[PDB]
Every structure is written in structure tokens, then in C-alpha cells.
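Just below is one structure, and these are the notes that go with it.
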There are 2 protein chains.
Amino acid sequence: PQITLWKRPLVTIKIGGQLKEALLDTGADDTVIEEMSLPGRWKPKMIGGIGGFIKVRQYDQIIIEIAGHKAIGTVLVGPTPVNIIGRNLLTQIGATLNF
Amino acid sequence: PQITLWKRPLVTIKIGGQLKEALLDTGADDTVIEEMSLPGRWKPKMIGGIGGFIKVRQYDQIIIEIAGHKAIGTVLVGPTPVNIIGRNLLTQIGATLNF
Ligand SMILES: Cc1ccc(C(=O)N[C@@H](Cc2ccccc2)[C@H](O)CN(CC(C)C)S(=O)(=O)c2ccc(N)cc2)cc1Nc1nccc(-c2cccnc2)n1
Ligand SMILES: [Cl-]
Ligand SMILES: [Cl-]
Ligand SMILES: [Cl-]
Ligand SMILES: [Cl-]
Ligand code: NA
Ligand code: NA
């Protein structure tokens, strides 16, 4: 698809058996999801941006279906105000910015 | 161009005759730049990021070139970690997300 930017680029994802709405975010290095359980090992991480830092749990090798496209990678879980699909998974679905 | 997302989507911008680096950020509603001098009056704005909110200065109808594409629009100035080109100006340069 071609997604214009007149509105926020929100899509449906499936993660950990759950459907969520998430922002396709070229400004985010990694994917960050609101609090949920995921299986397997994790380790703590701090991530920063406008307004400072939050503590998250880093889960590696997590499968996510993004607008119907499967990808695997790291998912950070923590108190993000918005679910964000970052570059680490945008690359895997072949997302590009075009102008 | 067609910009892939394996690296941060950094471009050169020009504002007030000065070249700066900025991130093309589909997850940002609005363009936010680090402290600089801009002409004219400003209005207050609160924006919300990953870590909470920052107060910024809103300057309207500012001339800005983005990766060689001319825009005129709103620029927010405040303590952002990186200069970010948000959707308000990504639409002016005709940017879409594609996969
Ligand atoms: C005006 C404005 C300026 C900058 C930003 C912004 O910092 N965007 C964030 C994403 C975001 C969006 C909304 C809330 C928190 C985080 C940006 O795209 C990515 N950030 C990095 C950039 C600042 C360099 S980030 O979120 O800090 C970040 C850092 C590390 C990682 N791994 C992932 C994300 C957002 C807005 N506002 C905005 N933009 C998009 C959606 C909403 C929103 C959504 C729901 C309800 N209300 C507002 N609000
Ligand atoms: Cl990854
Ligand atoms: Cl590629
Ligand atoms: Cl905001
Ligand atoms: Cl604008
Ligand atoms: Na894992
Ligand atoms: Na103005």
C-alpha cells in the first residue's frame, strides 16, 4: 500500500495473540508496545525521546504481523503513550519513505 | 527518492540560511527543531513524546527546505533530542510510506 501522511499512519498489528493499533514510525529506531505479556527472556533497557526516558523490557525474536505482513525482531514493552512500529520491523516489511 | 529504513532517515534541511541535519519522522505530528533564532511572533504549544511533555515555541509560516524540497509552514522550537521533520512538512514535500 501507499500511505499518505495527512493523518497518523496507524495500522493493525497482531502481537502475542493480541490485536493492537500502532503507529508506523520512521523516527523510532525500535518497536515499543504498551504493557503486555510476551513469552521468553527479557532484559531491562532505557529509551529516550521528547520528555525524557522510560524503562522498558526488551524481548528478542518476537513475531508481529503488521498490516498483514509477518516480521520477527526485538520488541520493547513499557509505558509508551502510543504503540510504535520502529525501523527494526519496518525494514522487514519493506517499508520505504518516498517523495 | 525512495528511502529505506536500515539507517535513520536523516536529511539536510535549510532554515534561516543554515544547514542542519533532521530526521524524517512519520510518528511526529509536527516538526520540532532544537533551539535557534526564528523571525516573528510565537505561540505556546505542549507536545507529548515518549517520556512526557515538553513546552515548545510555535512559529508559523516559516521557510524551510527539506532534502532540497521547499516548504513553508509551522516549526516548533524546543528541547528536542534531534531535529525532527513531522507530518505537517512531510505532506508538503509529498512524502508517503510504501510497502
Ligand atoms: C507533536 C509531536 C512531536 C513529536 C512527537 C514524537 O516525539 N514522536 C515519537 C513517537 C511518539 C508519538 C506519540 C507519543 C509518544 C511518542 C517519535 O516518532 C519517535 N521517538 C524518537 C524521536 C523523538 C527521535 S521516541 O518515541 O522518542 C522513540 C525513541 C526510541 C524508540 N526505540 C522508539 C521511539 C510526537 C508528537 N505528537 C504526536 N505525534 C504522533 C501521535 C500523537 C498522539 C497519539 C495519540 C494521542 N495523542 C497524540 N502525538
Ligand atoms: Cl530487531
Ligand atoms: Cl530493502
Ligand atoms: Cl502532542
Ligand atoms: Cl504547517
Ligand atoms: Na525471546
Ligand atoms: Na510566523
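The chains in the C-alpha cells are called A, B, ... from first to last as shown; in each chain the residues are counted from 1, and the ligands are counted from 1 in the order shown.
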
(request) Extract the full set of strand (DSSP E or B) residues from chain B according to DSSP on the backbone, and format it as a ChimeraX atom specification. (result) /B:2-3,10-15,18-24,32-33,43-49,52-66,69-77,84-85,96-98

Could you write out that same residue set with C-alpha atoms as a CSV table (one decimal), in the first residue's frame?
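Output file result.csv is given in full below:
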```csv
chain,number,residue,atom,x,y,z
B,2,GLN,CA,13.0,6.1,-2.1
B,3,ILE,CA,14.4,6.0,1.4
B,10,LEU,CA,18.4,11.7,8.2
B,11,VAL,CA,18.4,14.6,5.6
B,12,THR,CA,19.8,18.0,5.4
B,13,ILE,CA,17.4,20.9,5.9
B,14,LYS,CA,17.9,24.6,5.5
B,15,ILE,CA,16.3,27.1,7.8
B,18,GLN,CA,21.7,27.5,7.9
B,19,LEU,CA,22.1,23.8,7.1
B,20,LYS,CA,21.1,21.3,9.8
B,21,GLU,CA,20.5,17.6,10.0
B,22,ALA,CA,17.0,16.3,10.7
B,23,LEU,CA,15.1,13.1,11.0
B,24,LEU,CA,12.1,12.3,8.7
B,32,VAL,CA,10.3,20.2,16.2
B,33,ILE,CA,13.8,21.8,16.0
B,43,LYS,CA,2.6,30.9,20.3
B,44,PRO,CA,2.8,28.3,23.1
B,45,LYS,CA,2.4,24.6,22.5
B,46,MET,CA,2.6,21.5,24.6
B,47,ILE,CA,3.7,18.3,22.8
B,48,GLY,CA,3.8,14.8,24.1
B,49,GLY,CA,6.6,12.4,23.5
B,52,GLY,CA,6.3,13.0,28.8
B,53,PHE,CA,5.6,16.5,27.5
B,54,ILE,CA,7.8,19.5,26.6
B,55,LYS,CA,6.8,23.1,26.2
B,56,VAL,CA,7.8,24.5,22.8
B,57,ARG,CA,7.6,27.7,20.8
B,58,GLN,CA,5.4,27.6,17.8
B,59,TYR,CA,6.4,29.7,14.8
B,60,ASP,CA,4.1,29.7,11.8
B,61,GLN,CA,4.7,30.2,8.1
B,62,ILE,CA,8.5,29.6,8.3
B,63,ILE,CA,10.5,29.0,5.1
B,64,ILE,CA,12.3,25.7,5.3
B,65,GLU,CA,14.0,23.4,2.7
B,66,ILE,CA,13.9,19.7,3.4
B,69,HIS,CA,12.3,20.4,-1.3
B,70,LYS,CA,10.9,23.9,-0.4
B,71,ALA,CA,8.2,24.1,2.3
B,72,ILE,CA,6.6,26.9,4.3
B,73,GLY,CA,4.9,26.0,7.5
B,74,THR,CA,4.9,25.5,11.2
B,75,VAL,CA,8.1,24.9,13.1
B,76,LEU,CA,8.2,24.1,16.8
B,77,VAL,CA,11.4,25.1,18.7
B,84,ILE,CA,12.5,16.1,13.6
B,85,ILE,CA,10.5,16.7,10.4
B,96,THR,CA,4.3,8.7,1.5
B,97,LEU,CA,5.1,5.4,3.3
B,98,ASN,CA,5.1,2.5,0.9
```

Compute the set of protein, DNA and RNA residues whose minimum atom distance to ligand 3 is at most 12 Å, using only C-alpha atoms and all ligand atoms, and state it as a compact mmCIF listing (two decimals) with C-alpha atoms, in the first residue's frame.
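Below is the file part00.txt, written as the result:
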```
# COMPACT_ATOMS: atom_id res chain seq x y z
CA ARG A 87 12.62 0.81 11.87
CA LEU A 89 10.45 -4.05 11.91
CA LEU A 90 9.58 -1.50 9.19
CA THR A 91 12.62 -2.73 7.23
CA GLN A 92 11.36 -6.33 7.38
CA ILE A 93 8.01 -5.49 5.73
CA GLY A 94 9.85 -3.49 3.02
CA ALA A 95 8.59 -0.08 4.10
CA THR A 96 10.13 2.96 2.40
CA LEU A 97 9.60 6.72 2.51
CA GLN B 2 12.99 6.14 -2.10
CA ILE B 3 14.44 6.00 1.39
CA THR B 4 14.90 2.64 3.07
CA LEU B 5 14.94 2.35 6.85
CA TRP B 6 18.03 0.28 7.63
CA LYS B 7 19.60 3.55 8.88
CA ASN B 98 5.08 2.46 0.91
CA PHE B 99 5.21 -1.31 1.37
```

I'd like a table as a Markdown table: residues in chain B with an atom no more than 6 Å from ligand 1, each row giving the shortest atom pair and its distance in Å to one decimal, only C-alpha atoms and all ligand atoms counted, sorted by chain and rising residue number.
```
| residue | atom | partner | partner_atom_place_in_ligand_line | distance |
| --- | --- | --- | --- | --- |
| B:25 | CA | ligand 1 | 18 (O) | 5.5 |
| B:27 | CA | ligand 1 | 18 (O) | 3.5 |
| B:28 | CA | ligand 1 | 39 (N) | 3.9 |
| B:29 | CA | ligand 1 | 39 (N) | 4.0 |
| B:30 | CA | ligand 1 | 1 (C) | 4.6 |
| B:47 | CA | ligand 1 | 1 (C) | 4.8 |
| B:48 | CA | ligand 1 | 14 (C) | 5.5 |
| B:49 | CA | ligand 1 | 15 (C) | 3.7 |
| B:50 | CA | ligand 1 | 15 (C) | 3.9 |
| B:82 | CA | ligand 1 | 24 (C) | 5.8 |
```

(message) Taking the DSSP secondary structure from the backbone, can you list the residues of region 7-98 of chain B that are alpha helix (DSSP H), as an MDAnalysis selection string?
(response) chainID B and resid 87:90

Write the residues of the selection above to a file with N, CA and C atoms, as a PDB file, in the first residue's frame.
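What follows is the written file part.pdb:
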```pdb
ATOM      1  N   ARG B  87       4.800  15.257  10.214  1.00  0.00           N
ATOM      2  CA  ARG B  87       3.874  15.108   9.120  1.00  0.00           C
ATOM      3  C   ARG B  87       3.454  16.442   8.518  1.00  0.00           C
ATOM      4  N   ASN B  88       3.382  17.509   9.308  1.00  0.00           N
ATOM      5  CA  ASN B  88       2.967  18.795   8.739  1.00  0.00           C
ATOM      6  C   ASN B  88       3.848  19.211   7.542  1.00  0.00           C
ATOM      7  N   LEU B  89       5.134  18.890   7.578  1.00  0.00           N
ATOM      8  CA  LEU B  89       6.031  19.227   6.470  1.00  0.00           C
ATOM      9  C   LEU B  89       6.295  18.030   5.559  1.00  0.00           C
ATOM     10  N   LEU B  90       6.207  16.802   6.077  1.00  0.00           N
ATOM     11  CA  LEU B  90       6.333  15.656   5.179  1.00  0.00           C
ATOM     12  C   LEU B  90       5.249  15.681   4.100  1.00  0.00           C
TER      13      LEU B  90
END
```

(message) Counting only C-alpha atoms, which residue out of A:68, A:51, A:38, A:16 sits closest to chain B?
(response) A:51
